[PDB]
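Participant: Residue numbers (the authors' numbering), protein chains in the order written: chain d, 298 to 347; chain D, 8 to 475; chain C, 7 to 22, 30 to 50.
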Amino acid sequence: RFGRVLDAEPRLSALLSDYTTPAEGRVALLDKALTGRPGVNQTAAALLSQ
Amino acid sequence: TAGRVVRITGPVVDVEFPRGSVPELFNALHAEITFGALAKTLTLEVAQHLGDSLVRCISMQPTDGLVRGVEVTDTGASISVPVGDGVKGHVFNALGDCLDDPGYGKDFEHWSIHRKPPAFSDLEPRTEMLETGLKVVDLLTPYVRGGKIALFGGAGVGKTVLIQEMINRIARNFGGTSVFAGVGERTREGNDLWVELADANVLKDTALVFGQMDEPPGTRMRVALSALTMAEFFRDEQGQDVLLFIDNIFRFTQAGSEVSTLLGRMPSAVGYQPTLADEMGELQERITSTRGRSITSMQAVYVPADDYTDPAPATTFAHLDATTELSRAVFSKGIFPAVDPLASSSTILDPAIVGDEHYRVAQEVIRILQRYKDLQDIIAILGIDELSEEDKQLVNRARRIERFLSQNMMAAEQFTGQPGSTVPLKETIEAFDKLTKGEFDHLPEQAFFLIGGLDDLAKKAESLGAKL
Amino acid sequence: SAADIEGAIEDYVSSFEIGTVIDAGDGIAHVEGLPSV
Ligand SMILES: Nc1ncnc2c1ncn2[C@@H]1O[C@H](COP(=O)(O)OP(=O)(O)O)[C@@H](O)[C@H]1O
Ligand SMILES: [Mg+2]
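Written as structure tokens, this is what we have:
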């Protein structure tokens with residue numbers, strides 16, 4: 298589901314994909330925007346953040 | 008959904024689009040240059056898909072002042088130009104914008120400049136002489152109505168003077184529509200042609216599409232397509248005879264080769280793009296008459312460095328019905344039009360079409376001129392006295408013939424200060440039949456220089472002290 | 007949600030010119046930076 302939604306919104310995926318920006322900011326972005334949700338498996342969240 | 012500029016290198020721009028929004032090939036994209044001095048809207052034609060959602064485009068306007076990352080909008084369609092009777096009497100650029108009346112024609116029907124050529128089943132060979140009044144053209148390079156005519160030659164041999172002469176002789180009384188495509192030529196010549204057409208009252212019936220040699224390569228690539236689209240509309244929709252004048256078609260190929268290496272293509276022989284023949288073939292095959300629908304097209308073809316073996320003119324040769332080949336050597340002799348009678352050709356110069364007498368006289372003229380060409384070196388080294396009697400007689404005849412193929416053209420009055428002349432085809436045939444028989448050997452060869460028919464010949468001979 | 011992601015990226019951008034010669038020679042230089050040039 299995360300892959301599908303990320304494909305749907307290429308803007309956010311491209312923003313995350315920019316490795317130039319420090320990865321801490323992008324992983325925090327993912328945590329607060331997408332990975333941080335009620336119905337999100339913690340293991341899947343950790344895997345995606347990594 | 009909009010793209011952004013990634014790389015800018017001269018006329019070639021790389022644009023990155025979001026996945027699934029990549030424009031189709033040849034689509035028109037729009038970008039903004041906001042720098043005040045050069046502020047404008049760039050039109051970019053998608054040339055290649057580079058993968059990863061990048062497209063390589065050719066700019067139609069200079070890219071100076073363009074910035075990386077600026078928004079790029081996709082029009083969803085190719086470059087399109089106005090079509091209809093309204094375009095007659097007006098001057099446009101490759102993008103369809105009216106130059107004499109900016110904003111004019113925006114509400115007309117618009118046609119994409121990219122089009123497939125007519126189906127092979129719709130093609131019918133054309134065999135019908137188009138008399139011009141020029142002795143050399145009518146005798147040795149008879150033009151075909153509804154066929155394809157080319158004027159080959161190097162720089163400054165009389166291609167444009169001859170194009171203007173043919174405009175005067177053909178379009179002045181044409182019952183249909185005329186389209187003039189100025190492909191990568193001098194702007195001064197374009198202004199002169201515009202003024203001349205307005206004065207002659209031929210402009211009302213003519214649509215002018217100009218892309219000058221100062222335009223970037225993309226404009227010179229696409230201006231011919233724009234003018235050809237107007238002509239195609241007139242052929243297929245209005246159902247009327249069309250005159251298509253192109254000057255200079257070589258500029259299309261040259262502009263194509265200017266961006267070939269910037270587009271990533273390995274160069275071919277003589278520096279041309281690998282796709283020279285294919286692009287030329289598409290464009291030329293669009294310039295044709297179909298069954299019942301006439302396009303008499305006349306193209307000026309520039310021969311780089313006078314080298315007729317150059318791949319561009321050599322590839323162009325296969326697309327023509329009649330070819331008047333202008334020679335620098337003939338030019339430097341003062342013979343005008345500087346036609347090389349031994350190198351020009353016409354597909355209808357055969358007994359079946361032009362008739363037994365015309366064909367016979369033409370063949371005799373060509374044989375005499377070929378023999379004279381063979382004897383030139385001997386005359387230069389060993390002198391004319393060492394030739395056989397028949398060879399001396401033939402040399403005199405050939406010199407008179409080459410002078411008589413010269414003619415005072417109307418379009419040349421600005422240069423010679425002498426009014427032009429028009430010679431009926433029958434008079435031309437009779438005069439050259441008399442020449443090849445030696446009926447004018449007693450006249451000084453100077454009497455045959457830059458005149459019209461046999462009446463002008465008699466007058467000039469009287470002026471020089473001779474009489475026929 | 008499909009909307010809070012918007013506010014997220016905008017807040018990111020809000021919370022998120031001099032070039033530099035990277036190489037030179039023979040009258041040619043290459044400059045990194047200057048995204049607006
Ligand atoms: N019929 C002619 N009589 C006298 N001079 C001519 C004639 N045709 C061409 N010229 C001279 O040669 C020049 C080149 O002609 P033009 O056709 O403009 O160049 P190009 O052949 O490169 O198109 C003219 O500007 C003119 O001075
Ligand atoms: Mg010219």
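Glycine is no exception: its CB is placed at the ideal position from the N, C-alpha and C atoms.
Looking at chain d, is there any beta carbon in it that lies within less than 9 Å of the beta carbon of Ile31(C)?
Facilitator: No, because no Cβ of chain d sits closer than 9 Å to the Cβ of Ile31(C).
Participant: For a quick check, are the C-beta atoms of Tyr379(D) and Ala405(D) less than 9 Å apart?
Facilitator: Cβ distance < 9 Å, so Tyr379(D) and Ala405(D) count as in contact.
Participant: For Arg11(D), which three-state DSSP category applies?
Facilitator: In the structure shown, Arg11(D) sits in a strand (DSSP, three-state: E or B).
Participant: Run through the DSSP bridge pairs and tell me what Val34(C) is partnered with.
Facilitator: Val44(C), per the DSSP bridge assignment.
Participant: Roughly how many angstroms lie between the CA atoms of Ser334(D) and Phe422(D), to the nearest whole one?
Facilitator: Taking the straight line from one Cα to the other gives about 19 Å.
Participant: Please say whether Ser185(D) and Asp206(D) have beta carbons closer to each other than 9 Å?
Facilitator: No.
Participant: Does ligand 2 have a heavy atom nearer than 8 Å to the CB of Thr167(D)?
Facilitator: Yes; taking the cut-off as 8 Å, the Cβ of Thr167(D) has a heavy atom of ligand 2 nearer than that.
Participant: What does DSSP give as the partner residues of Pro89(D) in its beta bridges?
Facilitator: Paired residue(s): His117(D).
Participant: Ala419(D): beta carbon under 8 Å from a heavy atom of ligand 2?
Facilitator: No, the Cβ of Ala419(D) stays beyond 8 Å of every heavy atom of ligand 2.
Participant: Can you name the start and end residues of the beta strand (DSSP E) that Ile40(D) belongs to?
Facilitator: 34-40 is the span of the beta strand (DSSP E), which, as asked, contains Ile40(D).
Participant: Do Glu222(D) and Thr260(D) have their C-beta atoms within less than 9 Å of each other?
Facilitator: For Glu222(D) and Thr260(D), no; Cβs fall outside 9 Å.
Participant: Would you kindly report the start and end of the unbroken alpha helix (DSSP H) that includes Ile375(D)?
Facilitator: Here the alpha helix (DSSP H) through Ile375(D) covers 363-389.
Participant: Applying the criterion that 16 or more other CB atoms from any shown protein chain within 10 Å of the CB defines a buried residue, is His43(C) buried or exposed?
Facilitator: Label assigned to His43(C): exposed.
Participant: Measure from the C-beta of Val19(C) to each C-beta in chain D and report whether the shortest distance is under 9 Å.
Facilitator: No, its Cβ sits nowhere closer than 9 Å to a Cβ of chain D.
Participant: Using a Cβ-Cβ distance under 9 Å, would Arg308(d) count as near chain C?
Facilitator: Closer than 9 Å: yes.
Participant: From the beta carbon of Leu345(d), is the nearest beta carbon of chain C less than 9 Å away?
Facilitator: No, its Cβ sits nowhere closer than 9 Å to a Cβ of chain C.
Participant: When DSSP labels each residue in this structure, what does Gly183(D) get in the three-state scheme?
Facilitator: DSSP places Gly183(D) in coil when its eight states are reduced to three.
Participant: Let me know if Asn338(d) comes out buried or exposed under the rule of 16 or more other beta-carbons within 10 Å of its beta-carbon.
Facilitator: So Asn338(d) ends up on the exposed side.
Participant: Could you pull the start and end residues of the alpha helix (DSSP H) that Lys47(D) belongs to?
Facilitator: From DSSP, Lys47(D) is part of no alpha helix (DSSP H) but of the beta strand (DSSP E) over 47-58.
Participant: Buried or exposed, going by whether 16 or more other CB atoms sit within 10 Å of the CB of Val50(C)?
Facilitator: It counts as exposed.
Participant: Quick one: is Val22(D) near chain C, going by C-beta distance under 9 Å?
Facilitator: For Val22(D), the answer is no, since every Cβ of chain C falls outside 9 Å of its Cβ.
Participant: Identify the continuous alpha helix (DSSP H) that holds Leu283(D) and give its terminal residues.
Facilitator: Here the alpha helix (DSSP H) through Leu283(D) covers 283-293.
Participant: Quick check: is any heavy atom of ligand 1 less than 8 Å from the C-beta of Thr323(D)?
Facilitator: No, since every heavy atom of ligand 1 falls outside the 8 Å radius drawn around the Cβ of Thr323(D).
Participant: Can you check whether the CB of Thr295(D) is closer than 9 Å to the CB of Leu61(D)?
Facilitator: It is not a contact, given that the beta carbons lie outside the stated cut-off.
Participant: Nearest CA to the CA of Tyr111(D): which residue from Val98(D), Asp357(D), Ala329(D), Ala9(D)?
Facilitator: Of the listed residues, the one whose Cα sits closest to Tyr111(D) is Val98(D).
Participant: Helix or strand or just coil, what does DSSP make of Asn403(D)?
Facilitator: Note: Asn403(D) maps to helix in three-state DSSP.
Participant: Could you check what DSSP says for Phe456(D) in three-state terms: helix, strand or coil?
Facilitator: Looking at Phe456(D) - three-state DSSP - the assignment turns out to be coil, as it is neither helix nor strand.
Participant: Per the DSSP calculation, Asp81(D) is bridged to which residue(s)?
Facilitator: Looking at the DSSP assignment, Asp81(D) forms a beta bridge with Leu36(D).
Participant: Cβ atoms of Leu331(d) and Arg323(d): under 9 Å apart, would you say?
Facilitator: Not in contact: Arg323(d) and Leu331(d) (Cβ atoms no closer than 9 Å).
Participant: Is the CB-CB distance between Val12(D) and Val74(D) below 9 Å?
Facilitator: Result yes, Cβ atoms of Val12(D) and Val74(D) sit closer than 9 Å.
Participant: For a test of the three-state rule: what should DSSP assign to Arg63(D), helix, strand or coil?
Facilitator: The answer is strand: DSSP assigns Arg63(D) an E or B state.
Participant: With 9 Å set as the bound, which would you pick, yes or no: does the beta-carbon of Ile15(C) sit closer than that to a beta-carbon of chain d?
Facilitator: By this cut-off, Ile15(C) is an interface position.
Participant: In chain order, which continuous runs of the alpha helix (DSSP H) of length 4 or greater are located wholly inside the region 293-329 of chain D?
Facilitator: Counting only runs of 4 or more, we get 318-324.
Participant: Check whether the Cβ atoms of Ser301(D) and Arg152(D) lie closer than 9 Å to each other.
Facilitator: Contact flag set, yes.
Participant: Give me the chain d residues within the contact set of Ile11(C), using Cβ-Cβ distance strictly less than 8 Å, ordered along the chain.
Facilitator: Chain d residues near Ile11(C): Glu306, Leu309, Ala330, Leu331.
Participant: Short of 6 Å in beta carbon distance, which residues of its chain neighbour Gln55(D), apart from the five on each side in sequence? Order them along the chain.
Facilitator: These residues qualify, in order along the chain: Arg63.
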